[PDB]
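Okay, so here's the structure we're looking at.
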Amino acid sequence: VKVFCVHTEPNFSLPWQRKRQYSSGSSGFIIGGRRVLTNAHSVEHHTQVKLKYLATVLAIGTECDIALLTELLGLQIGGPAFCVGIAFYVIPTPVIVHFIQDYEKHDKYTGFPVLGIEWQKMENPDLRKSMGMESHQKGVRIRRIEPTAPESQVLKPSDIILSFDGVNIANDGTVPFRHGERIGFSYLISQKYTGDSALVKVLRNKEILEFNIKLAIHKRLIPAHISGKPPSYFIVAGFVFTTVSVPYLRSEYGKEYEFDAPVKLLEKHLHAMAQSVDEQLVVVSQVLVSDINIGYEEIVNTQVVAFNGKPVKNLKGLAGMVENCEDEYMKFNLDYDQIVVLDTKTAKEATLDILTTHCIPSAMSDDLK
Amino acid sequence: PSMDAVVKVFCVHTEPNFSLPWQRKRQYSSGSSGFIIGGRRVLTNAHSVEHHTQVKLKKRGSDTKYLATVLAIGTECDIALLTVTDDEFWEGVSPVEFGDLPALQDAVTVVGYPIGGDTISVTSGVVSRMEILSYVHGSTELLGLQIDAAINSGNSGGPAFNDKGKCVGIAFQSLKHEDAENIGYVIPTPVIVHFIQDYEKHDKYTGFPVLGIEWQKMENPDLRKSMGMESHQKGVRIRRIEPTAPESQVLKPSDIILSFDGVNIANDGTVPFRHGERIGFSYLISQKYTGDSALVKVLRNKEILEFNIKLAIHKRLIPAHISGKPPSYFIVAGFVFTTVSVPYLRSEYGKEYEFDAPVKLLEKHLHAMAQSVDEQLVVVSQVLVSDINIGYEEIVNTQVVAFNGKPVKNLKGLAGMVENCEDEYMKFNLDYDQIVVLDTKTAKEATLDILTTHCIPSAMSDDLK
Amino acid sequence: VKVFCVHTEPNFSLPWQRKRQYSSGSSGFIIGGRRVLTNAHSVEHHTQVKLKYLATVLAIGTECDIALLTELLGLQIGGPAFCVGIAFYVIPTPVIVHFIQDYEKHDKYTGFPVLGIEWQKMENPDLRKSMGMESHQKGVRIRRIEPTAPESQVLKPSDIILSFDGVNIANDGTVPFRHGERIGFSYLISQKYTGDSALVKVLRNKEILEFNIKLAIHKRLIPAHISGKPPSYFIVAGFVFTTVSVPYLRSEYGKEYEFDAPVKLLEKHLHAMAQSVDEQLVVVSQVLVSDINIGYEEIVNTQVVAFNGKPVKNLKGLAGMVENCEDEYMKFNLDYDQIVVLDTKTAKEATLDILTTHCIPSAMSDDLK
Amino acid sequence: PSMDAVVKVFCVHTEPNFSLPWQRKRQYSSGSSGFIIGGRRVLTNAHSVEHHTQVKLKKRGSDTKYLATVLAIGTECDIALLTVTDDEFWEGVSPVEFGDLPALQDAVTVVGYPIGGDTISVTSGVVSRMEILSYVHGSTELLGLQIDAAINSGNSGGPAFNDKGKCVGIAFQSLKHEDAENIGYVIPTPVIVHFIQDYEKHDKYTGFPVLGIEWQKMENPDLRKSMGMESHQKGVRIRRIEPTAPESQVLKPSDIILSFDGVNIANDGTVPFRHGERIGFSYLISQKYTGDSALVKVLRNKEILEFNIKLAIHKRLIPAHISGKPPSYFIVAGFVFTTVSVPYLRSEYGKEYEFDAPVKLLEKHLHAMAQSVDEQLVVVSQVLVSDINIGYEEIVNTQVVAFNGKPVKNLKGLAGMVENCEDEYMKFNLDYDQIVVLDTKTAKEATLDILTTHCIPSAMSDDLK
Amino acid sequence: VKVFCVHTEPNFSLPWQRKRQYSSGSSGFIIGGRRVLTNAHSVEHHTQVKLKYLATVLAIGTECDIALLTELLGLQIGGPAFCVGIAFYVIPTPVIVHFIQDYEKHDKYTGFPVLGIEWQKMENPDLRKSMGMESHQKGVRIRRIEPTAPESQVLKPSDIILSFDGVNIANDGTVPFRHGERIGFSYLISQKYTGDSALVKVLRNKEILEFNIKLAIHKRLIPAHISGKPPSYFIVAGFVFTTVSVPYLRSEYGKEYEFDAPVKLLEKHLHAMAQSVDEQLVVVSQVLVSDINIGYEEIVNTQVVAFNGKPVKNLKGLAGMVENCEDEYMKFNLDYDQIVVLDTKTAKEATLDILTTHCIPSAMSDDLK
């Protein structure tokens, strides 16, 4: 089919804005049961959809780039296929069938689960022996575990993962796939559905334990996307506070953001884990220049670590602290050992005129109400 | 020598989005040139500081950037007048001193800064010609010096000096010349004097007056004979007069303008200027102040008449600029109504707008006169897609001519007619003989969700509330 | 077949001239009944024709670009085809058969009829209801009607056209074509022959009326072409008066004329309709410089609106008024509120020498005799 | 200083079409340079105003364009002499004053205008060499100054000044040099003086005389011995003499020209010119006026003879130009007969015509002398296709040699022979041993419809009627 | 086959020289009767030939570019073919078979005969009637006839050639070839063998005559080539006299010689005919600079028309006159009305040293002995 869509995208650099309305085209195809598959991006931020007419958007599978009208299996070779998958590369039918069945049994898209662990190979014999692995044993060593995953409890660093649902994991983290072909074990995991259980066999202090672990979706400190939700922001005295996500980084620094973005932010993009369920990377995005913030106008994309001596955990938390602040001064500890000091009464009184100058509807996005 | 007074101008801008009039664009900083003159004052280009939210100034030998104040903006003459509260900025610099209008082929030195650089740059050349030109396209034409030197971004706004170290005006980058043509302009001292003296008297910029007329040459002998001109008489015929300049009252079409403030005007519209030099008669007008009066001698029905006429600024149907104000807009049921101005057209169709914009709009931009002080060209800018407007989604930049039988004069009128609509249906008469029809009740109800979808703060700009 | 032709083209910028003789080549093919089809442009302004020899020109179908030795149906894919049409794109056989049958029954080319109306879609439900359209009714609203068409009588602005010869017209102005394909209703109209009748069903003030309307060819204010006829001109005192057509515009301003031509003329090219059968856009084409016209030499392509207080309707009309003018002065009201004034006796006496200087055979083209 | 007198020349042209001699091309305007001299007079290039129908002049500091008058045109020397009736044009300008012939390597300044521009341009260089050259290709060679400076379109026609502010002539863009070679020419003051003095005496341009001879160097000693030259004698041998210059009477082939007006000519055809400088002897001839006489000393049969000879202008079989006149043409039955000139060849074959034109024509262009004052090269230019001329349609640019047995001398003769043809058949003897045969009665009858088809006003140019 | 040849070419600009030895490669093929065909140029100026070895050169067919180990028929499409001819373009088998049979019956190559006439079409009816051609008669009018051809007798200018060996010649000089294809009549002529007779039917003064004419090879004033013979030259006092041929022109002025060569020479190349069997175009090629010829050194490629009052007919003739000259002076009339005068005794005495300086073996080529 020929897909015709009207899009209204958020501006991540100016989160109170929507980009100009525009239209696009792509392909897709009819599947049994009165449903149509197409790309997820071929309908992202939709306001109206047509096919060749008037269509309906049931679910968006962002991670798998499918729409029904993060590392998954793909084939390197619209609007597919010949059916052997979805044209992205070709997104294969084990991913497609997963998407449909996920929705068809849950009435919503619930993504693809991950184990929430980083791992290291056990190819060195001295490494293996020092951890009590007999010669017949294969697997991978847990480097670190996501604090926001359920398995953060039952699994431990330096556990050696031997198998998943009775499937043997090799020293290079691979499992058998077909005759003469192997695949990373995460494939097995991404084939499960969110909330499914799975048996993980590990070696801990030279002893075998098997855990029954409920699988969940990955919480990332700097989110790959925000599921078509609007980006959040908080403003006071012209200081624009927002949270770092990949779309923000892409909008701020372009296609080469993994090289051009500030190193402090890149480190957290590549290496940091959320220590808590609602932890976000809060930055001063920019400063909307005005008398009240004179001498501060060159602060750009810098993390806020604390407000009036108190740690900042997320955007909602920061916004709360600022509204409840009764102290004479507001003190923001920023990264690079910088501080921002503002007189509390005057800073709050300055916000409105700045909003008017930049046509911002209110001091914060609706999600911070 | 005089290089200590040539400053670097740093400006933060917050520009309106003319295509999306509810938005302001992202803050950005630009750099240009400027210079210190007498009385704690700094001159630079108006365009360098358009839509400013902060201006800073930096001297050549010091890192310190100083917070500045914008005293006045002369958009038509492209001059901004600045000052600085901090005294350390002013101490130690000898202020630029102005010289007389240079002769043709006189040597001129333009001092300023390159683009993205904080070191002094020196450009040289001669005065090519006197000219009457617009410093903003579509705006009032003023006296100007064309120079042999190449003026670019960054160094425009800097002083131009004669061989005596006197400043003969402000550098201006040509709007109509590419950089490889080595053509530049200097906003001359009498225009600068005009702008400053205007400020010093009125505590504000009051613009440059025009005679609101179009004229035709009288170089044909029979044409002159047929209208009763005696053989020693010369001048121009009035083609048309702006309804919004009266003026319109006293003067009439086909009058033959013989002279202006006693100065004899030739059949080609020239007047003597200096020894061996002739220029357009509008220079006699643009040098006056708004509110001033001028003696106009015309021939009407083979008879001489003299009129004393109060001169005003030009009112254009499609404005060359809107004085830094926010662009007006009104929204009902996803229909975005706005007015046509030059910034709008440029934003909609790019720099080539005078060739790419719809012909209906070009016609009115190139040829139409305002029939009243309040007249605006109102269009549907675009349609924000929703159920209420199914089937209209393709309407773009089309003039709204009438609402429920009543002619639309301007945006406030239209917004007013829509608020007070009691009829079952809203019926918009659009250009190309099109009609848009919306059920009044549901159309008004649909507006909120649409505003929300596109993050539009208000259904209308504050000027319409 | 291989077509060999000798051409003598008019100069539209200098209408008293013919361009230099030149020869061309194209393709075509034999059809039954001793006839050959080829392109119309592959024989335009012919003075001699040969095939592979000596051929004869029976009729030229300009609009359909066919010769027998304006929006019609075409196929985007000489001297055709394989037969599925005529190579232009491919001009299909419903157009070809029309051309042949038009001539074969009328002994001349009579073009393709149009309804002579501009129309607007009725896709909006509020628009439909306000005009009394029941939910099952489809069609298009008449925006404006050509004053020089016969149907300018019986049809009215804001009439909603529901059907043509019993064929239902949709809200987007389309009619069924084949299975899964639709086409603009004008297709049905262009399939008719000039002078044919057709039944047009309309909705007027919430009531259905059916009109039997004789179809005619489109009269355009600025003609797409002039059917191989010579361009007209009138001259006095070096002022060259002519009428605006597309070939004139193309000759004056080049291939990009719809952008480069003066805006006043473009507006009339795109948007004006003839208010009368013999209305032409008369302009001063140029001024042939000489004493009598001094001070006037920069007037180029500017409309003449009136002569001595009297409206100019066409070139013949202007020429008449100038010859009959007994007044002391000739006064031309031009566009841009310009006037041209000439002493009548001297201006007429000046014409001949100017003609001699530019080698112009007479003051006017033969059609103005 | 002297820049006030350097004017901009605006010219409207109506050029004949040499390929279609019944047509004039569209009007167009070109701009060039010129300068005011003494006595309400203006000099510029002849080519800048060729085929003029109106000329206007504009001073540097004034918008006003003034209607000018063309007094005289010296095509061979590329000079046009202009004046202006309007006194306002003349008032206030110091007229250019001429200096002497510059020495080699002397500094020269060329003042003029760029192409498509109205500002003063200043070009600098030195005098490279004295030269004898044609200012129109194929035309009489005159004295000229080659300069180091680059002269282009637009600024050619402007004055060239020495270091004393004196004008040393008129700028001339090289016909034989590309612009990147930085080579230009100056039409020197003695040639300008010649042209002006010629006008002042005869109330018209009378051209530049030539000795209608071709010559061969006498640098070989045996050749000199065999013809009786004593050892102190030097000069050139006459190869051939123009039948249309008598001259032809008095001089004879193989005469040895020893001197001209008393000036000793060397074996290479040079004569002394100034200290350490030698130039071609034609400079002694071209500086005379038409009608003037010159003493020619030759050696004939080992004996000295002196001849006083009246000098005339050069008559070329294929003219370098036809003095702005309309080209002649004659039409019968679609056969277009015209005459061959340089403009014809250039129009027919482009700028490379001396390599692309048919060899038969090149031969006569490069080598043939007119056998009589009335002789023209007559050709069939082309055949306008019609039934009467089936089978001849390919004939192009082919000389007509005879009509019904009688030799064709020129176009008027041919047109005459065709009008008075009483024979049943018209029989044209063409080049390449071709014949064209037409039935006299039907051929004449067919002419009208053909003229009508191609919008040809008359079967012949007015000069043949 | 793979042809391997060693070549020693003459220098036409320096006719006493041979270019440096070089080797080449081409293709060819074996034909019945112990013979091999190849290109003629693929063995021109041979000194040794090899095939894939040691071959023999029986005959060179220059005009037809064939070798056995001027306008002929060819096909536009080595070392051929597939056999449909010879790869040159493809030189067809009617030309090939001609070449072989010419040699096989004459033991030498005797070229292809021509009629030795220039002709004009008789397509115009008035032209035809004025010469007494009845409506059924077709043919071409003789413009001019080669003085050095046998038919220069029996045929006359303005004769209308009607047929050749009973084959009808059309008004455009064509004859039938195959169904729907015609060819120039010279094709029929070039198919004959040198010395063959042929019947030429002509119309002369409205009467039909048929001539039996022996066919011969074309003598050209400026020869297309010289059949692998060495170029001739005569020298005296440094004046190098030679004859103009195409190879000379090509060597003097390059590939564009028909544009770059002097016009006087081009005229004779394109338009002159030999008035006599042994007429050659004699030029001063160049002057080898030395005292005796001072003042003459810029004479290049200029025709000698006369020696001491006597017309120059050819190179041998000029050489004779100079050796027999007893007069005090030698006087050469050159083109452009130039003369060259030399003292006879001193000029002859000067020749030898000049020859030594330029390493020229003698004053003249061996053919002038």
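Just remember, in the structure tokens the first chain shown is A, the second B, etc., residues are 1-based per chain, and ligands are 1-based in the order shown.
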
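With only C-alpha atoms taken into account, chain B has residues 216, 217, 218, 219, 220, 221, 222, 223, 226, 239, 240, 355, 356, 359, 360, 362, 363, 389, 390, 391, 392, 425, 432, 433, 434, 436, 437, 438 and 439 of chain B at most 8 Å from chain C.
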
Just the selected residues (N, CA, C and O atoms), exported as an mmCIF file, in the first residue's frame, please.
data_model
loop_
_atom_site.group_PDB
_atom_site.id
_atom_site.type_symbol
_atom_site.label_atom_id
_atom_site.label_comp_id
_atom_site.auth_asym_id
_atom_site.auth_seq_id
_atom_site.Cartn_x
_atom_site.Cartn_y
_atom_site.Cartn_z
ATOM 1 N N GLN B 216 5.560 60.414 -14.035
ATOM 2 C CA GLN B 216 5.986 60.022 -15.369
ATOM 3 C C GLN B 216 6.788 61.161 -15.992
ATOM 4 O O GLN B 216 6.446 62.330 -15.819
ATOM 5 N N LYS B 217 7.859 60.820 -16.705
ATOM 6 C CA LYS B 217 8.715 61.821 -17.336
ATOM 7 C C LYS B 217 7.951 62.647 -18.366
ATOM 8 O O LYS B 217 6.967 62.182 -18.933
ATOM 9 N N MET B 218 8.403 63.873 -18.600
ATOM 10 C CA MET B 218 7.749 64.743 -19.573
ATOM 11 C C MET B 218 8.706 65.105 -20.698
ATOM 12 O O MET B 218 8.711 66.230 -21.178
ATOM 13 N N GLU B 219 9.511 64.143 -21.127
ATOM 14 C CA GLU B 219 10.529 64.419 -22.133
ATOM 15 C C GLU B 219 9.970 64.571 -23.553
ATOM 16 O O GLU B 219 10.635 65.118 -24.429
ATOM 17 N N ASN B 220 8.749 64.101 -23.788
ATOM 18 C CA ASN B 220 8.137 64.295 -25.101
ATOM 19 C C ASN B 220 7.561 65.700 -25.270
ATOM 20 O O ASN B 220 6.783 66.162 -24.435
ATOM 21 N N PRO B 221 7.943 66.383 -26.358
ATOM 22 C CA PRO B 221 7.491 67.749 -26.651
ATOM 23 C C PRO B 221 5.971 67.887 -26.838
ATOM 24 O O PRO B 221 5.396 68.838 -26.305
ATOM 25 N N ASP B 222 5.336 66.966 -27.562
ATOM 26 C CA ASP B 222 3.885 67.042 -27.791
ATOM 27 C C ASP B 222 3.071 66.855 -26.520
ATOM 28 O O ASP B 222 2.054 67.520 -26.324
ATOM 29 N N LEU B 223 3.510 65.934 -25.671
ATOM 30 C CA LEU B 223 2.879 65.722 -24.375
ATOM 31 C C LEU B 223 2.896 67.016 -23.571
ATOM 32 O O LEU B 223 1.886 67.404 -22.979
ATOM 33 N N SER B 226 0.476 69.513 -25.212
ATOM 34 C CA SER B 226 -0.930 69.166 -25.019
ATOM 35 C C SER B 226 -1.426 69.514 -23.624
ATOM 36 O O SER B 226 -2.625 69.644 -23.408
ATOM 37 N N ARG B 239 1.227 60.462 -11.927
ATOM 38 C CA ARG B 239 0.476 59.312 -12.421
ATOM 39 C C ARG B 239 -0.648 58.920 -11.467
ATOM 40 O O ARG B 239 -1.771 58.654 -11.891
ATOM 41 N N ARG B 240 -0.340 58.901 -10.177
ATOM 42 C CA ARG B 240 -1.256 58.375 -9.176
ATOM 43 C C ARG B 240 -0.829 58.899 -7.809
ATOM 44 O O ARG B 240 0.353 59.171 -7.590
ATOM 45 N N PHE B 355 9.698 36.405 -7.474
ATOM 46 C CA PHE B 355 9.491 35.583 -8.657
ATOM 47 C C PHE B 355 8.761 34.283 -8.329
ATOM 48 O O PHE B 355 8.187 33.652 -9.215
ATOM 49 N N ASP B 356 8.777 33.882 -7.063
ATOM 50 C CA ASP B 356 8.225 32.582 -6.680
ATOM 51 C C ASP B 356 6.880 32.674 -5.963
ATOM 52 O O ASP B 356 6.177 31.673 -5.839
ATOM 53 N N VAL B 359 1.251 35.021 -8.154
ATOM 54 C CA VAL B 359 1.117 36.244 -8.929
ATOM 55 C C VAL B 359 0.118 37.242 -8.331
ATOM 56 O O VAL B 359 0.394 38.438 -8.302
ATOM 57 N N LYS B 360 -1.027 36.754 -7.848
ATOM 58 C CA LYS B 360 -2.007 37.614 -7.172
ATOM 59 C C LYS B 360 -1.365 38.463 -6.076
ATOM 60 O O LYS B 360 -1.675 39.646 -5.934
ATOM 61 N N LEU B 362 2.042 39.087 -5.774
ATOM 62 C CA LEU B 362 3.091 39.919 -6.375
ATOM 63 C C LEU B 362 2.520 41.214 -6.927
ATOM 64 O O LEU B 362 3.058 42.296 -6.678
ATOM 65 N N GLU B 363 1.423 41.085 -7.668
ATOM 66 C CA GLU B 363 0.683 42.223 -8.201
ATOM 67 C C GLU B 363 0.426 43.275 -7.128
ATOM 68 O O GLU B 363 0.737 44.450 -7.314
ATOM 69 N N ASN B 389 -11.982 20.543 9.412
ATOM 70 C CA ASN B 389 -11.567 21.188 8.167
ATOM 71 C C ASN B 389 -11.208 20.232 7.027
ATOM 72 O O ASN B 389 -10.507 20.613 6.087
ATOM 73 N N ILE B 390 -11.694 18.997 7.120
ATOM 74 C CA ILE B 390 -11.559 18.017 6.043
ATOM 75 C C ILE B 390 -11.953 18.627 4.699
ATOM 76 O O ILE B 390 -13.022 19.230 4.575
ATOM 77 N N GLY B 391 -11.078 18.491 3.706
ATOM 78 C CA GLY B 391 -11.365 18.970 2.364
ATOM 79 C C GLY B 391 -10.875 20.375 2.055
ATOM 80 O O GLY B 391 -11.036 20.855 0.937
ATOM 81 N N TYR B 392 -10.283 21.035 3.047
ATOM 82 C CA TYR B 392 -9.779 22.395 2.882
ATOM 83 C C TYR B 392 -8.264 22.421 3.066
ATOM 84 O O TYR B 392 -7.633 23.469 2.936
ATOM 85 N N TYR B 425 -23.711 29.619 9.723
ATOM 86 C CA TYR B 425 -22.498 29.299 8.977
ATOM 87 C C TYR B 425 -21.523 30.472 8.852
ATOM 88 O O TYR B 425 -21.930 31.622 8.648
ATOM 89 N N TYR B 432 -9.427 33.595 -6.088
ATOM 90 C CA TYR B 432 -9.697 32.557 -7.089
ATOM 91 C C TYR B 432 -11.134 32.033 -7.005
ATOM 92 O O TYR B 432 -11.386 30.855 -7.267
ATOM 93 N N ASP B 433 -12.058 32.909 -6.617
ATOM 94 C CA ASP B 433 -13.485 32.581 -6.538
ATOM 95 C C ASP B 433 -13.766 31.318 -5.725
ATOM 96 O O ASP B 433 -14.610 30.509 -6.095
ATOM 97 N N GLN B 434 -13.052 31.155 -4.616
ATOM 98 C CA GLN B 434 -13.269 30.020 -3.723
ATOM 99 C C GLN B 434 -14.097 30.409 -2.492
ATOM 100 O O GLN B 434 -14.059 31.550 -2.035
ATOM 101 N N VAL B 436 -14.978 29.082 1.582
ATOM 102 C CA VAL B 436 -14.800 28.176 2.694
ATOM 103 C C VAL B 436 -16.019 28.336 3.587
ATOM 104 O O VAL B 436 -16.404 29.456 3.917
ATOM 105 N N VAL B 437 -16.637 27.216 3.947
ATOM 106 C CA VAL B 437 -17.835 27.236 4.774
ATOM 107 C C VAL B 437 -17.650 26.344 5.985
ATOM 108 O O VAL B 437 -17.307 25.165 5.861
ATOM 109 N N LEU B 438 -17.861 26.919 7.161
ATOM 110 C CA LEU B 438 -17.760 26.167 8.400
ATOM 111 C C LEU B 438 -19.000 26.399 9.248
ATOM 112 O O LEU B 438 -19.529 27.511 9.302
ATOM 113 N N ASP B 439 -19.469 25.342 9.899
ATOM 114 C CA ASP B 439 -20.535 25.473 10.880
ATOM 115 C C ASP B 439 -20.003 26.265 12.071
ATOM 116 O O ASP B 439 -19.037 25.852 12.716
#

Exercise for review: Compute the set of chain B residues within 8 Å of chain D, using only C-alpha atoms, and express it as a PyMOL selection string.
Suggested key: chain B and resi 104+128-130+268+270+275-280

For the selection you just gave me, I'd like the residues written to a file as a compact mmCIF listing (two decimals), in the first residue's frame, keeping N, CA, C and O atoms.
# COMPACT_ATOMS: atom_id res chain seq x y z
N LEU B 104 33.02 63.11 -6.00
CA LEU B 104 33.19 61.89 -6.77
C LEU B 104 34.68 61.56 -6.89
O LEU B 104 35.51 62.46 -6.96
N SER B 128 32.35 55.99 -5.98
CA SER B 128 31.95 55.76 -7.37
C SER B 128 30.90 56.75 -7.85
O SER B 128 31.05 57.35 -8.91
N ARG B 129 29.83 56.91 -7.08
CA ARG B 129 28.71 57.75 -7.50
C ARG B 129 27.78 58.10 -6.34
O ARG B 129 27.74 57.40 -5.33
N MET B 130 27.07 59.21 -6.49
CA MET B 130 25.96 59.52 -5.61
C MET B 130 24.79 58.68 -6.06
O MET B 130 24.65 58.40 -7.25
N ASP B 268 12.98 64.93 -16.57
CA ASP B 268 13.37 63.58 -16.20
C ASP B 268 13.34 63.38 -14.69
O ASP B 268 13.74 62.33 -14.18
N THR B 270 15.03 65.11 -12.48
CA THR B 270 16.27 65.51 -11.84
C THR B 270 16.22 66.96 -11.37
O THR B 270 15.42 67.77 -11.85
N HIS B 275 28.01 71.31 -8.65
CA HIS B 275 28.64 71.60 -9.93
C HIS B 275 28.78 70.35 -10.80
O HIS B 275 29.47 69.40 -10.43
N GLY B 276 28.10 70.34 -11.94
CA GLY B 276 28.16 69.24 -12.88
C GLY B 276 27.44 67.97 -12.43
O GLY B 276 27.60 66.92 -13.04
N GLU B 277 26.65 68.08 -11.36
CA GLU B 277 25.95 66.91 -10.82
C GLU B 277 24.44 67.10 -10.70
O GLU B 277 23.96 68.14 -10.26
N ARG B 278 23.69 66.08 -11.12
CA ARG B 278 22.24 66.11 -11.05
C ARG B 278 21.72 64.83 -10.40
O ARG B 278 22.27 63.75 -10.63
N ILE B 279 20.66 64.97 -9.62
CA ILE B 279 20.12 63.84 -8.87
C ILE B 279 18.58 63.87 -8.84
O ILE B 279 17.97 64.88 -9.18
N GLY B 280 17.95 62.77 -8.43
CA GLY B 280 16.50 62.70 -8.38
C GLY B 280 15.92 63.66 -7.35
O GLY B 280 16.52 63.88 -6.31

task = Extract the full set of strand (DSSP E) residues from segment 182-302 of chain D according to DSSP on the backbone, and format it as an NGL selection string.
result = :D and (184-188 or 213-216 or 236-241 or 256-260 or 263-264 or 270-274 or 277-280 or 293-300)

Report task. Quick one: everything within 12 Å of residue 93 of chain E, counting only C-alpha atoms, minus sequence neighbours fewer than 3 positions away in the same chain. Send it as a PyMOL selection string. Result -> chain E and resi 37+64+66+72-75+80-87+90+96-101+191

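If you look at atom CA of residue 285 of chain E and atom CA of residue 327 of chain E, they are 24.3 Å away from each other.
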
Can you pull out every residue within 7 Å of residue 148 of chain C, counting only C-alpha atoms, but drop anything in the same chain fewer than 6 positions away, and send it as a PyMOL selection string?
chain C and resi 219+274-277

N, CA and C atoms of the current selection, written as a short mmCIF file (atom, residue, chain, number, x, y, z; two decimals), in the first residue's frame:
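Wrote it out as out-v1.cif, contents follow:
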data_model
loop_
_atom_site.label_atom_id
_atom_site.label_comp_id
_atom_site.auth_asym_id
_atom_site.auth_seq_id
_atom_site.Cartn_x
_atom_site.Cartn_y
_atom_site.Cartn_z
N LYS C 219 -12.42 29.68 -25.84
CA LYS C 219 -11.85 30.97 -26.20
C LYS C 219 -11.04 31.49 -25.02
N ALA C 274 -11.80 36.15 -21.10
CA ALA C 274 -12.38 37.06 -22.08
C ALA C 274 -13.80 37.41 -21.66
N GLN C 275 -14.06 38.70 -21.50
CA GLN C 275 -15.40 39.18 -21.18
C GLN C 275 -16.23 39.27 -22.45
N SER C 276 -15.57 39.15 -23.59
CA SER C 276 -16.22 39.29 -24.88
C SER C 276 -15.54 38.42 -25.93
N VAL C 277 -16.29 38.06 -26.97
CA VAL C 277 -15.83 37.12 -27.99
C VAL C 277 -14.57 37.59 -28.72
#

With distances taken over only C-alpha atoms, the candidate from C:181, C:165, C:297, C:367 nearest chain A is C:181

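Near residue 15 of chain A, within a cut-off of 7 Å and counting only C-alpha atoms, sit the residues residues 10, 11, 12, 231, 232 and 233 of chain A, with same-chain residues fewer than 3 positions away left out.
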
Create the file for the chosen residues now, containing C-alpha atoms and written as a compact mmCIF listing (two decimals), in the first residue's frame.
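Ended up saving to out-v1.txt:
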# COMPACT_ATOMS: atom_id res chain seq x y z
CA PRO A 10 8.11 18.30 18.61
CA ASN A 11 11.10 20.62 18.66
CA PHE A 12 13.50 19.08 21.15
CA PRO A 231 9.62 16.72 25.67
CA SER A 232 9.54 18.25 29.14
CA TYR A 233 10.90 21.61 30.29

**Asked** Which neighbours of residue 289 of chain D fall inside 10 Å, counting only C-alpha atoms, when residues of the same chain fewer than 4 positions from it are skipped, and could you give them as a PyMOL selection string?
**Response** chain D and resi 194-195+197-198+206-210+285+293+311-313

Residues as selected, C-alpha atoms, written as a compact mmCIF listing (two decimals), in the first residue's frame, can you do that?
# COMPACT_ATOMS: atom_id res chain seq x y z
CA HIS D 194 43.51 63.54 -39.81
CA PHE D 195 39.87 62.57 -39.27
CA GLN D 197 40.70 68.06 -40.20
CA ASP D 198 39.19 65.97 -43.01
CA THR D 206 36.64 61.26 -47.11
CA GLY D 207 38.55 58.19 -45.91
CA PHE D 208 42.24 57.33 -46.02
CA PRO D 209 44.08 57.01 -49.33
CA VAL D 210 46.12 53.99 -50.37
CA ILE D 285 50.54 57.39 -47.53
CA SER D 293 49.23 63.83 -54.70
CA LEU D 311 45.70 59.16 -54.25
CA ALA D 312 42.29 57.53 -53.77
CA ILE D 313 40.63 55.20 -51.25
